[PDB]
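Protein chains in written order, with the entry's author numbering: chain F, 123 to 182; chain C, 210 to 279; chain B, 210 to 279. We treat Cβ as the ideally placed atom computed from N, Cα and C, and that holds for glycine. A quick write-up on the structure given underneath.
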Amino acid sequence: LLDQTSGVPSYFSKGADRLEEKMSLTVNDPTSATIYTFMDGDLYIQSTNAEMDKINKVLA
Amino acid sequence: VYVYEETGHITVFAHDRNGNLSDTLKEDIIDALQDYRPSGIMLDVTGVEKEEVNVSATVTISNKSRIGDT
Amino acid sequence: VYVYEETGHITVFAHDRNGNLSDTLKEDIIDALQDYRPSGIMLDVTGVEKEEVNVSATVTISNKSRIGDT
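This is how it looks when you write it as structure tokens:
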């Protein structure tokens, strides 16, 4: 993230920072976005193609 | 005077007897260090990071009659 | 010594009379350069690119009595 033109550390080398957003996988955290659900180690509901909540609500 | 060196920048810490750096004295230092600094290098002047230590002491004394303001 | 110069960077290639550059000698060179090097510019000291020529020579001699170790 330092100045690529100079390519060395220096007084003028530092600049803007970066916001990194790494995804991780959870088990039962309610705050996380659920992607799958299981009942006694068995899959609960499938979805063969793209999921769209608002669209599906209209279609229903 | 303490000189701290960095790549492409120079910063000069100075203080008077009191530990302060007046703006006028800062300008004088800058003007005098125009002739000294290298070409193509940046020079900056700053005050010394003064630290005023407050000291409350309790002094035990032997001669109680000599206790006074002086 | 060969001073190799770049924008904002200095490389000092140095060697002793054998062509080596020991760490103690490098530190001593650095310490001697503190007084001389320009302020605010990066400086680095490294050993020369030494090449180590082995030689094997076949030589013929006209007077063959002179052959020997001398």
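| Item | Value |
| --- | --- |
| With respect to 7 Å, is the separation between the Cβ of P152 (chain F) and the closest non-hydrogen atom of the ligand GDP below this value? | As for the ligand GDP, it is missing from this structure, which has no ligand bound. |
| Please name the residue or residues paired with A241 (chain C) in a DSSP beta bridge. | None; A241 (chain C) has no bridge partner. |
| Is there contact between the segment 231 to 238 of chain C and the segment 228 to 245 of chain B, where contact requires at least three CB pairs shorter than 8 Å? | no |
| Excluding sequence positions up to five away, which residues of its chain have a Cβ less than 6 Å from the Cβ of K273 (chain B)? | none |
| Can you grab the Cα-Cα spacing for the pair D244 (chain C) / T220 (chain C), in whole Å? | 15 Å |
| Check the C-beta distance from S132 (chain F) over to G217 (chain C) and give it rounded, since I have them as a contact under 8 Å. | 5 Å |
| Return the first residue and the last residue of the alpha helix (DSSP H) that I177 (chain F) is part of. | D175 to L181 |
| Taking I219 (chain C) as the query, report the chain B residues whose CB atoms sit under 9 Å from its CB, ordered along the chain. | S248 and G249 |
| Between F:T156, F:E142 and F:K176, which has its C-alpha nearest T148 (chain F)'s C-alpha? | F:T156 |
| Among residues of its own chain, excluding the 5 on either side of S248 (chain C), which ones have a beta-carbon nearer than 6 Å to its beta-carbon? | none |
| DSSP has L165 (chain F) in a bridge; who is on the other side? | F:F160 |
| Could you check where the beta strand (DSSP E) with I219 (chain C) kicks off and where it finishes? | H218 to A223 |
| Out of curiosity, what's the CA-to-CA distance linking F222 (chain C) and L123 (chain F)? | 30 Å |
| Among all the DSSP beta bridges, which residues are the ones paired with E215 (chain C)? | C:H218 |
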